[PDB]
Each structure stands twice: as C-alpha cells, then as structure tokens.
>>> print(open('work15.cif').read())   # mmCIF, C-alpha atoms; chains and numbers go by the auth columns
data_protein
loop_
_atom_site.group_PDB
_atom_site.id
_atom_site.type_symbol
_atom_site.label_atom_id
_atom_site.label_comp_id
_atom_site.label_asym_id
_atom_site.label_seq_id
_atom_site.Cartn_x
_atom_site.Cartn_y
_atom_site.Cartn_z
_atom_site.B_iso_or_equiv
_atom_site.auth_seq_id
_atom_site.auth_asym_id
ATOM 1 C CA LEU A 1 -19.011 14.154 2.772 0.00 115 A
ATOM 2 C CA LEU A 2 -17.269 17.510 3.239 0.00 116 A
ATOM 3 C CA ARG A 3 -17.734 18.417 6.905 0.00 117 A
ATOM 4 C CA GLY A 4 -18.699 15.074 8.401 0.00 118 A
ATOM 5 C CA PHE A 5 -15.345 13.379 8.128 0.00 119 A
ATOM 6 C CA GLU A 6 -13.475 11.593 10.952 0.00 120 A
ATOM 7 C CA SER A 7 -10.213 13.581 11.252 0.00 121 A
ATOM 8 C CA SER A 8 -7.695 12.910 14.053 0.00 122 A
ATOM 9 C CA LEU A 9 -7.907 15.974 16.272 0.00 123 A
ATOM 10 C CA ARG A 10 -5.368 16.510 19.087 0.00 124 A
ATOM 11 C CA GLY A 11 -6.682 14.676 22.089 0.00 125 A
ATOM 12 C CA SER A 12 -7.318 11.646 19.876 0.00 126 A
ATOM 13 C CA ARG A 13 -3.563 11.370 19.341 0.00 127 A
ATOM 14 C CA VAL A 14 -3.002 11.120 23.122 0.00 128 A
ATOM 15 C CA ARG A 15 -0.139 8.867 24.209 0.00 129 A
ATOM 16 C CA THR A 16 -2.277 7.027 26.788 0.00 130 A
ATOM 17 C CA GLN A 17 -3.865 4.996 23.962 0.00 131 A
ATOM 18 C CA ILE A 18 -0.515 3.246 23.482 0.00 132 A
ATOM 19 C CA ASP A 19 1.033 3.681 26.969 0.00 133 A
ATOM 20 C CA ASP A 20 -1.743 2.472 29.302 0.00 134 A
ATOM 21 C CA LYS A 21 -1.979 -0.737 27.265 0.00 135 A
ATOM 22 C CA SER A 22 0.399 -3.609 27.892 0.00 136 A
ATOM 23 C CA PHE A 23 2.619 -5.550 25.492 0.00 137 A
ATOM 24 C CA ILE A 24 1.871 -8.752 27.453 0.00 138 A
ATOM 25 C CA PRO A 25 -1.126 -10.027 25.347 0.00 139 A
ATOM 26 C CA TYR A 26 1.161 -9.612 22.349 0.00 140 A
ATOM 27 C CA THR A 27 4.393 -11.150 23.644 0.00 141 A
ATOM 28 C CA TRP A 28 3.279 -14.094 25.787 0.00 142 A
ATOM 29 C CA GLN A 29 2.598 -17.480 24.234 0.00 143 A
ATOM 30 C CA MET A 30 0.243 -19.946 25.831 0.00 144 A
ATOM 31 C CA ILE A 31 2.320 -22.339 27.949 0.00 145 A
ATOM 32 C CA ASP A 32 -0.303 -24.630 29.691 0.00 146 A
ATOM 33 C CA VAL A 33 2.174 -26.665 31.820 0.00 147 A
ATOM 34 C CA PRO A 34 3.545 -26.928 35.442 0.00 148 A
ATOM 35 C CA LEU A 35 6.461 -24.781 36.684 0.00 149 A
ATOM 36 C CA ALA A 36 9.513 -26.345 38.324 0.00 150 A
ATOM 37 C CA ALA A 37 10.145 -26.585 42.056 0.00 151 A
ATOM 38 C CA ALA A 38 12.138 -28.865 44.369 0.00 152 A
ATOM 39 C CA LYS A 39 13.508 -28.850 47.913 0.00 153 A
ATOM 40 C CA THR A 40 17.033 -27.835 48.898 0.00 154 A
ATOM 41 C CA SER A 41 17.816 -31.305 50.292 0.00 155 A
ATOM 42 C CA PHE A 42 17.201 -32.550 46.745 0.00 156 A
ATOM 43 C CA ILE A 43 18.838 -29.870 44.639 0.00 157 A
ATOM 44 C CA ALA A 44 21.823 -29.242 46.954 0.00 158 A
ATOM 45 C CA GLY A 45 22.230 -32.485 48.858 0.00 159 A
ATOM 46 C CA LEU A 46 22.406 -33.827 52.379 0.00 160 A
ATOM 47 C CA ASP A 47 25.213 -32.558 54.556 0.00 161 A
ATOM 48 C CA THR A 48 26.895 -35.892 55.227 0.00 162 A
ATOM 49 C CA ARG A 49 29.792 -34.709 57.395 0.00 163 A
ATOM 50 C CA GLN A 50 27.610 -33.013 60.008 0.00 164 A
ATOM 51 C CA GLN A 51 26.066 -35.996 61.794 0.00 165 A
ATOM 52 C CA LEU A 52 26.741 -38.513 64.565 0.00 166 A
ATOM 53 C CA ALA A 53 26.930 -41.449 62.095 0.00 167 A
ATOM 54 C CA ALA B 1 71.291 -33.726 34.642 0.00 390 B
ATOM 55 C CA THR B 2 73.721 -33.164 31.772 0.00 391 B
ATOM 56 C CA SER B 3 75.833 -36.266 32.506 0.00 392 B
ATOM 57 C CA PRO B 4 74.016 -39.527 31.687 0.00 393 B
ATOM 58 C CA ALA B 5 76.778 -41.510 33.404 0.00 394 B
ATOM 59 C CA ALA B 6 75.605 -39.935 36.670 0.00 395 B
ATOM 60 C CA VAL B 7 71.880 -40.076 35.978 0.00 396 B
ATOM 61 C CA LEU B 8 71.889 -43.681 34.663 0.00 397 B
ATOM 62 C CA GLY B 9 74.448 -44.790 37.232 0.00 398 B
ATOM 63 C CA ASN B 10 72.911 -43.905 40.597 0.00 399 B
ATOM 64 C CA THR B 11 70.776 -45.132 43.517 0.00 400 B
ATOM 65 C CA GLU B 12 67.198 -45.046 44.809 0.00 401 B
ATOM 66 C CA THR B 13 67.284 -41.909 47.008 0.00 402 B
ATOM 67 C CA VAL B 14 68.521 -39.282 44.466 0.00 403 B
ATOM 68 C CA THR B 15 67.444 -37.638 41.192 0.00 404 B
ATOM 69 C CA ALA B 16 68.648 -34.799 38.901 0.00 405 B
ATOM 70 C CA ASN B 17 69.123 -31.105 39.745 0.00 406 B
ATOM 71 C CA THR B 18 66.554 -30.204 37.039 0.00 407 B
ATOM 72 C CA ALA B 19 63.893 -31.904 39.215 0.00 408 B
ATOM 73 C CA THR B 20 63.334 -28.602 41.112 0.00 409 B
ATOM 74 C CA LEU B 21 61.139 -27.419 38.220 0.00 410 B
ATOM 75 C CA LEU B 22 58.275 -29.738 39.234 0.00 411 B
ATOM 76 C CA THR B 23 56.729 -27.012 41.344 0.00 412 B
ATOM 77 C CA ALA B 24 53.036 -27.873 40.908 0.00 413 B
ATOM 78 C CA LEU B 25 51.425 -30.529 43.136 0.00 414 B
ATOM 79 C CA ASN B 26 48.188 -32.108 41.845 0.00 415 B
ATOM 80 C CA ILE B 27 46.164 -34.314 44.240 0.00 416 B
ATOM 81 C CA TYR B 28 43.137 -36.011 42.707 0.00 417 B
ATOM 82 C CA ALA B 29 40.384 -38.031 44.250 0.00 418 B
ATOM 83 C CA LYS B 30 37.672 -39.894 42.368 0.00 419 B
ATOM 84 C CA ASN B 31 34.598 -40.425 44.463 0.00 420 B
ATOM 85 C CA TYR B 32 31.086 -41.822 44.359 0.00 421 B
ATOM 86 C CA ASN B 33 27.917 -39.806 44.514 0.00 422 B
ATOM 87 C CA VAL B 34 24.275 -40.343 43.637 0.00 423 B
ATOM 88 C CA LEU B 35 22.437 -38.257 41.023 0.00 424 B
ATOM 89 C CA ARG B 36 18.744 -38.257 41.956 0.00 425 B
ATOM 90 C CA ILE B 37 16.231 -37.324 39.244 0.00 426 B
ATOM 91 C CA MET B 38 12.463 -37.026 39.769 0.00 427 B
ATOM 92 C CA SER B 39 9.574 -35.093 38.150 0.00 428 B
ATOM 93 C CA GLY B 40 11.777 -33.607 35.444 0.00 429 B
ATOM 94 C CA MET B 41 14.256 -32.202 37.957 0.00 430 B
ATOM 95 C CA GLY B 42 17.623 -33.507 39.098 0.00 431 B
ATOM 96 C CA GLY B 43 20.416 -32.951 41.616 0.00 432 B
ATOM 97 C CA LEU B 44 23.119 -34.559 43.768 0.00 433 B
ATOM 98 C CA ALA B 45 22.329 -36.602 46.899 0.00 434 B
ATOM 99 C CA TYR B 46 25.377 -35.550 48.949 0.00 435 B
ATOM 100 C CA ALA B 47 26.960 -32.128 49.391 0.00 436 B
ATOM 101 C CA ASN B 48 30.143 -31.452 51.375 0.00 437 B
#
>>> encode(input="work15.cif", output="structure tokens")
Amino acid sequence: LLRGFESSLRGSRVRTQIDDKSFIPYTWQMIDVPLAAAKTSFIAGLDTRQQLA
Amino acid sequence: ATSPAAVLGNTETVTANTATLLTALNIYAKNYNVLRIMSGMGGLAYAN
C-alpha cells in the first residue's frame, strides 16, 4: 500500500508513447467502396480538329 | 444625335455621332456537344 504504488516516473512520460503512434486509426472512417478513375479521352474529349476526316 | 429631325429623317447608310460609344464587340456561338456519363463519372465527348 505505501511503497508498492504505480507512480509515473520519468521515462514512463516519454513522448514516444504519443508520437510513434498514428492518428490514422482514430481519424479514418470505414469507406468500403471503389475509387474513381477514367481515361483522358473520356474526361477531356477527343481532339476533333486534328484528323483527316 | 441631339436633333431628332436629322436622326428620324435620314437614310440606310448613316447613324448618330453618339454611336462611337459601342466599343465592345460580342460574338457568340451556340454549339452541340455530347456529355458522356458512365460508372458514376462524366465528361465531354469533344474537346477543341
């Protein structure tokens, strides 16, 4: 009770316990769906002027 | 421009001296294009 108590001694207050951890498991939400992608000929368009016909 | 007898009493090839204020020329064209949309994404068919 008197000399068997769990004090925080320097070394146990070390900044690595907060710094080497990420915030990512705390800030990301589960998303569970596909990301967007498309070709240039679709998003931009066909160059219609540069052609024979 | 200040004499309506001269503005309302003249021919096809002339107008009023105050006409020189129409300094801005605006040329418009209305065209066709195609908006293609697939798989939740969209964009124009023709670019030029």
>>> closest_atom_pairs(input="work15.cif", of="chain A", to="chain B", cutoff="12 Å", atoms="only C-alpha atoms", output="Markdown table")
| residue | atom | partner | partner_atom | distance |
| --- | --- | --- | --- | --- |
| A:148 | CA | B:428 | CA | 10.5 |
| A:149 | CA | B:429 | CA | 10.4 |
| A:150 | CA | B:430 | CA | 7.5 |
| A:151 | CA | B:430 | CA | 8.1 |
| A:152 | CA | B:430 | CA | 7.5 |
| A:153 | CA | B:432 | CA | 10.2 |
| A:154 | CA | B:432 | CA | 9.5 |
| A:155 | CA | B:434 | CA | 7.7 |
| A:156 | CA | B:432 | CA | 6.1 |
| A:157 | CA | B:432 | CA | 4.6 |
| A:158 | CA | B:433 | CA | 6.3 |
| A:159 | CA | B:435 | CA | 4.4 |
| A:160 | CA | B:435 | CA | 4.9 |
| A:161 | CA | B:436 | CA | 5.5 |
| A:162 | CA | B:435 | CA | 6.5 |
| A:163 | CA | B:437 | CA | 6.9 |
| A:164 | CA | B:437 | CA | 9.1 |
>>> residues_around(input="work15.cif", residues="region 407-419 of chain B", least_positions_apart="2", cutoff="12 Å", atoms="all atoms listed in the file", output="MDAnalysis selection string")
chainID B and resid 390:392 396 403:405 421:422
>>> atom_distance(input="work15.cif", atom1="CA of residue 119 (chain A)", atom2="CA of residue 131 (chain A)")
21.3 Å
>>> atom_distance(input="work15.cif", atom1="CA of residue 133 (chain A)", atom2="CA of residue 146 (chain A)")
28.5 Å
>>> axis_aligned_box(input="work15.cif", around="region 411-430 of chain B", padding_each_side="4 Å", output="AutoDock Vina command-line options")
--center_x 33.9 --center_y -34.4 --center_z 40.0 --size_x 56.7 --size_y 22.8 --size_z 17.1
